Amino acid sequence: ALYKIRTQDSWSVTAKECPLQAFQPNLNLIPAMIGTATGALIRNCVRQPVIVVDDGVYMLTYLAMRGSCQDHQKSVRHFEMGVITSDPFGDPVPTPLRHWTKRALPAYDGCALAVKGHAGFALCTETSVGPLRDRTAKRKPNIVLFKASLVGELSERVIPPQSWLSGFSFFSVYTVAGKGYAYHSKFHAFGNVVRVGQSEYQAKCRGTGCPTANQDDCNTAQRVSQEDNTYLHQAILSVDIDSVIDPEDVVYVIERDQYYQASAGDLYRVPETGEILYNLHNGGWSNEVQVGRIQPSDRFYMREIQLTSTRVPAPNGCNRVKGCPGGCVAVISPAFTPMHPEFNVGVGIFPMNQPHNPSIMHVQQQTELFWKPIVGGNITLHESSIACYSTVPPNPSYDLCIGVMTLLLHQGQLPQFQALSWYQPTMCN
(Lines of atoms letter the chains of each structure in order from A and count residues from 1; the text may use other names and numbers.)
(Lines give C-alpha, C1' and ligand atoms only; values in the text may rest on other atoms or scores of the structure.)
Protein backbone atom coordinates (compact mmCIF):
# COMPACT_ATOMS: atom_id res chain seq x y z
CA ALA A 1 0.00 0.00 0.00
CA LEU A 2 0.96 3.66 -0.27
CA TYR A 3 2.95 4.83 2.77
CA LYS A 4 0.18 5.68 5.22
CA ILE A 5 0.05 7.13 8.71
CA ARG A 6 -1.33 5.40 11.77
CA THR A 7 -4.67 6.82 12.90
CA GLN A 8 -7.08 6.19 15.76
CA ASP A 9 -10.67 7.08 16.55
CA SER A 10 -11.27 10.63 17.74
CA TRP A 11 -13.96 9.31 20.13
CA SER A 12 -11.39 7.19 21.99
CA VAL A 13 -11.40 7.58 25.77
CA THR A 14 -7.99 9.25 25.33
CA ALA A 15 -9.81 12.30 23.94
CA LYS A 16 -9.90 15.58 25.84
CA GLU A 17 -12.07 15.75 28.96
CA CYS A 18 -11.43 19.47 29.50
CA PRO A 19 -13.68 22.36 28.46
CA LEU A 20 -12.40 23.06 24.96
CA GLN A 21 -11.04 26.22 23.36
CA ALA A 22 -13.43 28.17 21.15
CA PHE A 23 -11.29 28.39 18.00
CA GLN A 24 -11.61 31.95 16.64
CA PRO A 25 -9.22 31.86 13.63
CA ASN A 26 -10.07 30.40 10.25
CA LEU A 27 -9.65 26.65 9.95
CA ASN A 28 -6.76 25.11 8.03
CA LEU A 29 -8.60 23.38 5.17
CA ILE A 30 -6.30 20.85 3.48
CA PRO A 31 -6.95 18.74 0.36
CA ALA A 32 -8.97 15.54 0.06
CA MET A 33 -8.56 14.57 -3.61
CA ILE A 34 -10.76 11.49 -3.40
CA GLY A 35 -13.78 10.20 -5.26
CA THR A 36 -14.18 11.27 -8.88
CA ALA A 37 -15.45 14.15 -10.95
CA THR A 38 -19.24 13.85 -11.09
CA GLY A 39 -20.26 15.82 -14.18
CA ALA A 40 -20.48 19.35 -12.79
CA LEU A 41 -21.30 20.67 -16.28
CA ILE A 42 -23.51 17.90 -17.69
CA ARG A 43 -26.32 17.56 -15.13
CA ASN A 44 -25.25 14.48 -13.18
CA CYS A 45 -26.48 13.93 -9.62
CA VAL A 46 -24.71 12.33 -6.64
CA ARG A 47 -26.48 11.01 -3.55
CA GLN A 48 -25.85 9.13 -0.30
CA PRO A 49 -22.17 10.00 0.36
CA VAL A 50 -20.46 8.10 3.18
CA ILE A 51 -16.85 8.29 4.43
CA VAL A 52 -15.24 6.03 7.04
CA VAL A 53 -11.66 5.91 8.36
CA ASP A 54 -9.79 3.20 10.27
CA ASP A 55 -6.03 3.19 10.97
CA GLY A 56 -5.05 5.28 7.97
CA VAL A 57 -7.41 3.49 5.57
CA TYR A 58 -10.64 4.96 4.22
CA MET A 59 -13.61 3.74 2.21
CA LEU A 60 -15.94 6.01 0.25
CA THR A 61 -19.27 5.48 -1.47
CA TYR A 62 -21.91 7.48 -3.33
CA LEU A 63 -24.77 6.99 -5.79
CA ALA A 64 -24.56 8.62 -9.22
CA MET A 65 -27.46 9.35 -11.58
CA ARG A 66 -28.02 11.02 -14.97
CA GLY A 67 -30.32 13.99 -15.52
CA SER A 68 -32.10 13.86 -12.14
CA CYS A 69 -31.69 12.75 -8.54
CA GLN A 70 -34.49 10.13 -8.62
CA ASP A 71 -33.34 7.52 -11.14
CA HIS A 72 -32.44 4.40 -9.17
CA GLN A 73 -33.15 2.28 -12.26
CA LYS A 74 -30.37 4.04 -14.21
CA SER A 75 -28.01 4.76 -11.29
CA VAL A 76 -24.40 3.74 -10.68
CA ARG A 77 -23.12 2.82 -7.21
CA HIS A 78 -19.52 3.84 -6.56
CA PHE A 79 -17.14 2.27 -4.05
CA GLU A 80 -13.63 3.46 -3.30
CA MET A 81 -10.78 2.62 -0.94
CA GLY A 82 -7.52 4.38 -0.26
CA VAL A 83 -5.10 5.47 2.42
CA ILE A 84 -4.27 8.62 4.37
CA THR A 85 -0.73 9.71 3.54
CA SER A 86 1.52 12.67 4.30
CA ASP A 87 1.29 15.32 1.58
CA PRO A 88 4.16 17.63 0.43
CA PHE A 89 3.41 19.97 3.36
CA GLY A 90 3.60 17.09 5.85
CA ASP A 91 -0.20 17.06 6.22
CA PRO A 92 -2.07 13.73 6.26
CA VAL A 93 -4.45 13.72 3.29
CA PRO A 94 -6.49 10.82 1.85
CA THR A 95 -5.69 9.47 -1.60
CA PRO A 96 -7.54 6.77 -3.54
CA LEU A 97 -6.05 3.41 -4.45
CA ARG A 98 -9.00 1.36 -5.76
CA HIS A 99 -12.38 2.23 -7.25
CA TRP A 100 -15.33 0.03 -8.23
CA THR A 101 -18.77 0.64 -9.71
CA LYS A 102 -21.95 -1.44 -9.74
CA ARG A 103 -24.13 -0.80 -12.78
CA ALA A 104 -27.86 -1.15 -12.23
CA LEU A 105 -29.85 -3.13 -12.66
CA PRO A 106 -29.82 -3.99 -9.91
CA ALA A 107 -29.34 -0.71 -8.02
CA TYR A 108 -27.78 -0.47 -4.56
CA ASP A 109 -29.37 2.01 -2.17
CA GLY A 110 -28.63 3.14 1.38
CA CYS A 111 -25.13 1.67 1.56
CA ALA A 112 -23.43 1.66 4.97
CA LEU A 113 -19.64 1.54 5.28
CA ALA A 114 -17.02 0.23 7.68
CA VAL A 115 -13.25 -0.32 7.52
CA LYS A 116 -11.32 -2.79 9.67
CA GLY A 117 -7.67 -3.80 9.30
CA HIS A 118 -7.16 -2.56 5.70
CA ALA A 119 -10.47 -4.22 4.71
CA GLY A 120 -13.59 -2.36 3.63
CA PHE A 121 -17.22 -3.41 3.99
CA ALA A 122 -20.42 -2.13 2.39
CA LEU A 123 -24.01 -3.18 3.14
CA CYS A 124 -26.53 -2.17 0.48
CA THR A 125 -30.18 -2.77 -0.37
CA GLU A 126 -30.69 -4.45 -3.74
CA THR A 127 -33.47 -2.51 -5.48
CA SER A 128 -34.77 -1.21 -8.80
CA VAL A 129 -37.09 1.71 -7.94
CA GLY A 130 -35.85 2.64 -4.47
CA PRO A 131 -36.89 2.15 -0.85
CA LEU A 132 -39.92 4.47 -0.82
CA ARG A 133 -41.64 2.56 -3.63
CA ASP A 134 -40.33 -0.79 -2.33
CA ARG A 135 -42.13 -0.30 1.01
CA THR A 136 -45.37 0.84 -0.63
CA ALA A 137 -45.20 -2.14 -3.01
CA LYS A 138 -44.52 -4.40 0.02
CA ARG A 139 -41.38 -5.89 -1.51
CA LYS A 140 -38.84 -7.99 0.42
CA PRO A 141 -35.48 -6.76 -0.87
CA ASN A 142 -32.21 -8.62 -1.01
CA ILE A 143 -29.38 -7.04 0.96
CA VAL A 144 -25.83 -7.34 -0.38
CA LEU A 145 -22.63 -7.31 1.68
CA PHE A 146 -19.61 -6.01 -0.26
CA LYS A 147 -16.08 -6.91 0.86
CA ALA A 148 -13.42 -4.58 -0.55
CA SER A 149 -9.65 -4.40 -0.16
CA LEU A 150 -6.66 -2.31 -1.21
CA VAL A 151 -5.57 -5.01 -3.69
CA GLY A 152 -8.75 -4.60 -5.75
CA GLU A 153 -11.09 -7.33 -4.54
CA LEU A 154 -14.84 -6.77 -4.40
CA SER A 155 -16.74 -9.83 -3.20
CA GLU A 156 -20.49 -10.00 -2.71
CA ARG A 157 -22.70 -12.11 -0.47
CA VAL A 158 -26.45 -11.95 -1.01
CA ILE A 159 -28.55 -11.88 2.15
CA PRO A 160 -32.04 -13.21 1.35
CA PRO A 161 -34.90 -11.49 3.21
CA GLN A 162 -36.00 -14.69 4.99
CA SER A 163 -32.48 -15.49 6.22
CA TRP A 164 -32.28 -12.72 8.86
CA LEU A 165 -32.21 -13.86 12.48
CA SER A 166 -34.54 -11.97 14.82
CA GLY A 167 -36.52 -12.59 17.98
CA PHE A 168 -39.73 -11.30 16.40
CA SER A 169 -41.31 -11.48 12.97
CA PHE A 170 -40.99 -8.57 10.57
CA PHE A 171 -42.07 -7.84 7.02
CA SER A 172 -38.85 -6.58 5.42
CA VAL A 173 -35.38 -5.22 6.19
CA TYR A 174 -33.64 -2.25 4.56
CA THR A 175 -30.17 -0.81 4.77
CA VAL A 176 -29.62 2.92 5.26
CA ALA A 177 -26.70 5.12 4.28
CA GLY A 178 -24.21 5.94 7.00
CA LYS A 179 -21.20 4.74 8.95
CA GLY A 180 -20.85 1.41 10.73
CA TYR A 181 -18.14 -0.64 12.44
CA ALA A 182 -16.67 -4.13 12.10
CA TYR A 183 -16.04 -5.86 15.43
CA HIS A 184 -15.63 -9.57 16.26
CA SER A 185 -16.28 -10.96 12.76
CA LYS A 186 -19.46 -8.83 12.64
CA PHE A 187 -20.42 -5.77 10.59
CA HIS A 188 -22.71 -3.53 12.65
CA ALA A 189 -24.73 -0.79 10.97
CA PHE A 190 -28.03 1.06 11.18
CA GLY A 191 -31.02 -0.45 9.41
CA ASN A 192 -34.72 0.09 8.76
CA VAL A 193 -37.35 -2.62 9.26
CA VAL A 194 -41.01 -2.75 8.23
CA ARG A 195 -42.95 -4.37 11.07
CA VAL A 196 -46.50 -4.45 12.39
CA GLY A 197 -47.13 -2.26 15.41
CA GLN A 198 -47.46 -3.74 18.88
CA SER A 199 -49.60 -2.26 21.64
CA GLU A 200 -46.81 -1.85 24.21
CA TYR A 201 -44.72 0.60 22.14
CA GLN A 202 -46.04 3.84 20.63
CA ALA A 203 -44.38 6.55 18.57
CA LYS A 204 -42.01 8.91 20.35
CA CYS A 205 -43.86 12.20 20.16
CA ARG A 206 -43.87 15.07 22.64
CA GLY A 207 -40.52 16.58 23.56
CA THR A 208 -38.37 19.69 23.50
CA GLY A 209 -38.64 19.78 19.71
CA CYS A 210 -42.46 19.85 19.65
CA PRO A 211 -43.88 20.05 23.20
CA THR A 212 -47.52 19.90 22.06
CA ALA A 213 -47.10 17.20 19.39
CA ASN A 214 -50.18 15.05 18.87
CA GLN A 215 -49.77 11.29 19.31
CA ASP A 216 -51.92 10.42 16.27
CA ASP A 217 -49.74 12.60 14.04
CA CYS A 218 -46.59 10.98 15.45
CA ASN A 219 -47.92 7.47 14.75
CA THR A 220 -48.82 8.54 11.21
CA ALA A 221 -45.28 9.84 10.65
CA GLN A 222 -43.97 6.33 11.37
CA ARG A 223 -46.69 4.35 9.57
CA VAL A 224 -45.97 2.46 6.36
CA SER A 225 -49.27 0.74 5.52
CA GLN A 226 -52.54 1.76 7.17
CA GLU A 227 -54.32 -1.48 6.22
CA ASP A 228 -51.52 -3.77 7.42
CA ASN A 229 -50.72 -1.56 10.47
CA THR A 230 -47.01 -1.67 9.64
CA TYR A 231 -44.49 0.89 10.89
CA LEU A 232 -40.96 1.72 9.76
CA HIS A 233 -38.60 0.76 12.60
CA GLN A 234 -35.00 1.72 13.22
CA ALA A 235 -32.80 -1.35 13.60
CA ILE A 236 -29.22 -2.51 14.06
CA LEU A 237 -27.90 -5.00 11.51
CA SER A 238 -25.22 -7.44 12.66
CA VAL A 239 -23.78 -9.04 9.51
CA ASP A 240 -21.32 -11.94 9.46
CA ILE A 241 -18.08 -11.02 7.67
CA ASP A 242 -16.08 -14.23 8.21
CA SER A 243 -18.50 -17.04 7.29
CA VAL A 244 -19.78 -17.43 3.74
CA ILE A 245 -21.37 -20.84 4.51
CA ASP A 246 -24.23 -20.74 7.02
CA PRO A 247 -23.63 -17.04 7.80
CA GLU A 248 -25.12 -15.58 10.97
CA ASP A 249 -26.90 -12.36 9.96
CA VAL A 250 -28.94 -10.72 12.72
CA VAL A 251 -31.35 -7.80 12.83
CA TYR A 252 -31.96 -6.06 16.16
CA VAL A 253 -35.22 -4.14 16.06
CA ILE A 254 -35.55 -0.95 18.10
CA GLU A 255 -39.11 -0.23 19.20
CA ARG A 256 -40.66 2.92 17.75
CA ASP A 257 -40.83 4.54 21.21
CA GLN A 258 -37.08 5.24 20.94
CA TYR A 259 -37.20 7.63 17.96
CA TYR A 260 -39.54 10.15 16.37
CA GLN A 261 -38.96 8.61 12.93
CA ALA A 262 -36.73 5.94 11.43
CA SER A 263 -33.92 7.39 9.35
CA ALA A 264 -30.40 6.90 8.08
CA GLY A 265 -27.66 7.14 10.65
CA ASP A 266 -24.16 6.41 11.88
CA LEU A 267 -22.87 3.99 14.52
CA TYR A 268 -19.61 4.58 16.41
CA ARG A 269 -17.86 2.09 18.71
CA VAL A 270 -15.62 3.40 21.49
CA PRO A 271 -12.50 1.25 20.99
CA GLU A 272 -11.56 0.81 24.66
CA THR A 273 -14.99 0.37 26.28
CA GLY A 274 -17.14 -1.00 23.47
CA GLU A 275 -19.96 1.48 24.08
CA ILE A 276 -21.96 2.31 20.95
CA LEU A 277 -22.71 5.91 20.01
CA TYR A 278 -25.11 6.92 17.26
CA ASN A 279 -25.99 9.88 15.05
CA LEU A 280 -29.56 9.65 13.74
CA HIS A 281 -29.86 11.72 10.57
CA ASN A 282 -32.84 13.94 9.84
CA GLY A 283 -35.16 14.01 6.84
CA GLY A 284 -38.30 13.73 8.95
CA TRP A 285 -40.26 16.26 10.98
CA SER A 286 -37.89 16.37 13.96
CA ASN A 287 -35.40 19.22 13.50
CA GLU A 288 -33.26 18.27 16.51
CA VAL A 289 -29.64 17.16 16.19
CA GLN A 290 -30.15 13.49 17.10
CA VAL A 291 -27.15 11.84 18.79
CA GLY A 292 -26.90 9.44 21.70
CA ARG A 293 -25.79 6.06 23.00
CA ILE A 294 -27.15 2.62 22.12
CA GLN A 295 -27.86 0.76 25.36
CA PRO A 296 -28.79 -2.93 24.94
CA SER A 297 -30.53 -4.11 28.10
CA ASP A 298 -33.96 -5.73 28.40
CA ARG A 299 -34.40 -4.19 24.95
CA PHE A 300 -32.48 -1.87 22.65
CA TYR A 301 -32.73 1.72 23.89
CA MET A 302 -31.50 4.86 22.16
CA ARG A 303 -30.35 7.02 25.06
CA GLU A 304 -30.43 10.55 23.68
CA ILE A 305 -27.48 12.86 24.36
CA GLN A 306 -27.88 16.65 24.39
CA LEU A 307 -25.20 17.85 21.96
CA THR A 308 -26.58 21.16 20.66
CA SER A 309 -29.82 23.15 20.76
CA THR A 310 -29.28 24.50 17.24
CA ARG A 311 -32.08 23.26 15.01
CA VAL A 312 -31.86 21.69 11.57
CA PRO A 313 -33.37 24.08 8.99
CA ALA A 314 -36.18 23.43 6.54
CA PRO A 315 -35.87 23.76 2.75
CA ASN A 316 -36.10 27.26 1.29
CA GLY A 317 -39.61 27.01 -0.12
CA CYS A 318 -41.26 25.58 3.01
CA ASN A 319 -43.34 28.02 5.09
CA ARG A 320 -45.22 25.39 7.15
CA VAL A 321 -44.67 24.50 10.81
CA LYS A 322 -41.07 23.71 11.76
CA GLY A 323 -40.10 20.76 13.93
CA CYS A 324 -43.59 19.28 14.40
CA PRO A 325 -45.09 16.18 12.74
CA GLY A 326 -47.43 17.94 10.31
CA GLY A 327 -45.19 20.61 8.79
CA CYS A 328 -41.88 21.20 7.04
CA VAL A 329 -39.26 18.51 6.65
CA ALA A 330 -35.89 18.92 8.36
CA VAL A 331 -33.11 18.64 5.78
CA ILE A 332 -30.86 15.56 5.64
CA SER A 333 -27.55 17.43 5.34
CA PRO A 334 -26.37 17.47 9.02
CA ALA A 335 -23.95 14.74 10.08
CA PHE A 336 -22.18 14.82 13.46
CA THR A 337 -19.27 12.65 14.62
CA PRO A 338 -18.26 12.21 18.28
CA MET A 339 -14.97 13.63 19.55
CA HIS A 340 -15.52 12.15 23.02
CA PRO A 341 -16.37 8.65 24.32
CA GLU A 342 -19.68 9.95 25.71
CA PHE A 343 -20.38 12.43 22.86
CA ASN A 344 -19.61 15.37 25.16
CA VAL A 345 -17.85 16.92 22.14
CA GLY A 346 -18.98 16.65 18.54
CA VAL A 347 -17.98 17.98 15.13
CA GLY A 348 -20.46 18.14 12.28
CA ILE A 349 -21.02 19.38 8.75
CA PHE A 350 -24.07 21.64 8.80
CA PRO A 351 -26.04 23.90 6.44
CA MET A 352 -25.55 27.61 7.13
CA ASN A 353 -27.55 30.65 5.98
CA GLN A 354 -30.48 30.67 3.56
CA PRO A 355 -28.63 29.00 0.63
CA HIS A 356 -27.63 26.20 3.07
CA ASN A 357 -23.93 26.80 2.54
CA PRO A 358 -21.67 24.00 3.82
CA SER A 359 -20.26 24.73 7.27
CA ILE A 360 -18.44 23.07 10.17
CA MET A 361 -19.84 23.20 13.70
CA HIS A 362 -17.91 22.40 16.89
CA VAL A 363 -20.08 21.90 19.98
CA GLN A 364 -19.37 20.74 23.54
CA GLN A 365 -22.34 19.93 25.81
CA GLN A 366 -24.63 22.51 24.15
CA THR A 367 -21.83 25.11 23.97
CA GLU A 368 -21.01 26.18 20.41
CA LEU A 369 -17.22 26.33 20.12
CA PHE A 370 -17.37 27.54 16.52
CA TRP A 371 -19.70 27.53 13.52
CA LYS A 372 -17.74 28.39 10.38
CA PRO A 373 -18.76 28.27 6.71
CA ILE A 374 -16.62 26.44 4.19
CA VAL A 375 -17.88 28.75 1.42
CA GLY A 376 -20.56 31.42 1.10
CA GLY A 377 -22.46 32.59 -1.93
CA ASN A 378 -25.06 30.33 -3.51
CA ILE A 379 -23.39 26.94 -2.99
CA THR A 380 -26.01 24.68 -1.42
CA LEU A 381 -25.27 21.63 0.73
CA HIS A 382 -27.45 18.55 0.18
CA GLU A 383 -25.80 15.59 1.95
CA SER A 384 -22.63 15.10 3.97
CA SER A 385 -20.59 12.54 5.87
CA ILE A 386 -17.67 13.26 8.19
CA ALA A 387 -14.80 11.13 9.51
CA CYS A 388 -12.52 12.55 12.20
CA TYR A 389 -9.41 10.79 13.45
CA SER A 390 -6.25 11.34 15.44
CA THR A 391 -2.62 10.54 14.81
CA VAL A 392 -0.54 8.00 16.73
CA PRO A 393 0.40 9.67 19.02
CA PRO A 394 -2.31 12.35 18.90
CA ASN A 395 -1.43 15.91 18.07
CA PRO A 396 -1.84 17.80 21.38
CA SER A 397 -3.83 20.53 19.61
CA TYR A 398 -5.47 19.05 16.50
CA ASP A 399 -7.35 16.06 15.20
CA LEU A 400 -7.95 15.54 11.49
CA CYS A 401 -11.36 15.30 9.85
CA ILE A 402 -12.29 14.29 6.31
CA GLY A 403 -15.56 15.72 5.01
CA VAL A 404 -17.35 14.47 1.89
CA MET A 405 -20.42 16.29 0.59
CA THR A 406 -22.91 16.61 -2.24
CA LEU A 407 -23.31 20.24 -3.29
CA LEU A 408 -25.18 22.25 -5.91
CA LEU A 409 -22.17 24.07 -7.35
CA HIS A 410 -23.91 25.90 -10.22
CA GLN A 411 -27.48 26.86 -11.04
CA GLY A 412 -29.17 24.50 -13.47
CA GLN A 413 -26.89 21.59 -12.52
CA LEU A 414 -27.23 18.75 -10.02
CA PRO A 415 -25.58 17.96 -6.66
CA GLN A 416 -21.85 17.35 -7.04
CA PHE A 417 -19.44 15.29 -4.96
CA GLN A 418 -16.89 17.39 -3.08
CA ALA A 419 -14.39 16.55 -0.35
CA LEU A 420 -12.02 18.37 1.98
CA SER A 421 -9.92 17.78 5.08
CA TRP A 422 -9.05 20.08 7.96
CA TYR A 423 -7.19 20.27 11.27
CA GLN A 424 -9.90 20.05 13.94
CA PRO A 425 -9.18 22.05 17.14
CA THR A 426 -8.89 19.88 20.26
CA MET A 427 -7.00 22.32 22.50
CA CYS A 428 -8.25 22.98 26.02
CA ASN A 429 -9.33 26.42 27.20
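All residue numbers refer to positions in the sequence shown, first residue = 1.
- As stated in the PDB record, which stretch has the larger average Cα B-factor, 390-398 or 357-365? 390-398 has the higher mean C-alpha B-factor.
- In the PDB record, does 112-120 or 333-341 carry the higher mean Cα temperature factor? So the stretch with the higher mean C-alpha B-factor is 112-120.
- Message: In terms of recorded Cα temperature factor, pick the maximum from 379, 57, 404, 65.
- Response: In this record, 379 carries the highest C-alpha B-factor of the candidates.
- Which of these has the highest Cα B-factor in the record: 282, 142, 238, 212? Answer for 282, 142, 238, 212: 212, with the highest C-alpha B-factor.
- Hey, what third does residue 12 fall into on Cα B-factor, ranked over its chain? Middle third - that is where residue 12 ends up once the chain's C-alpha B-factors are sorted.
- When the modelled residues of the chain are sorted by Cα temperature factor, does residue 70 land in the lowest, middle or highest third? Its C-alpha B-factor belongs to the highest third of this chain's values.
- Query: Sorting the chain's CA B-factors, does residue 263 end up in the lowest, middle or highest third?
  - Reply: For residue 263, the deposited C-alpha B-factor lands in the lowest third.
- Query: Relative to the other modelled residues in the chain, which third contains the C-alpha temperature factor of residue 413: lowest, middle or highest?
  - Reply: It belongs to the middle third of the chain when residues are ordered by C-alpha B-factor.
- Task: State the tercile, meaning the lowest, middle or highest third, of residue 216 with respect to the CA B-factors recorded for its chain.
- Result: As the PDB entry reports it, the C-alpha B-factor of residue 216 lands in the highest third of its chain.
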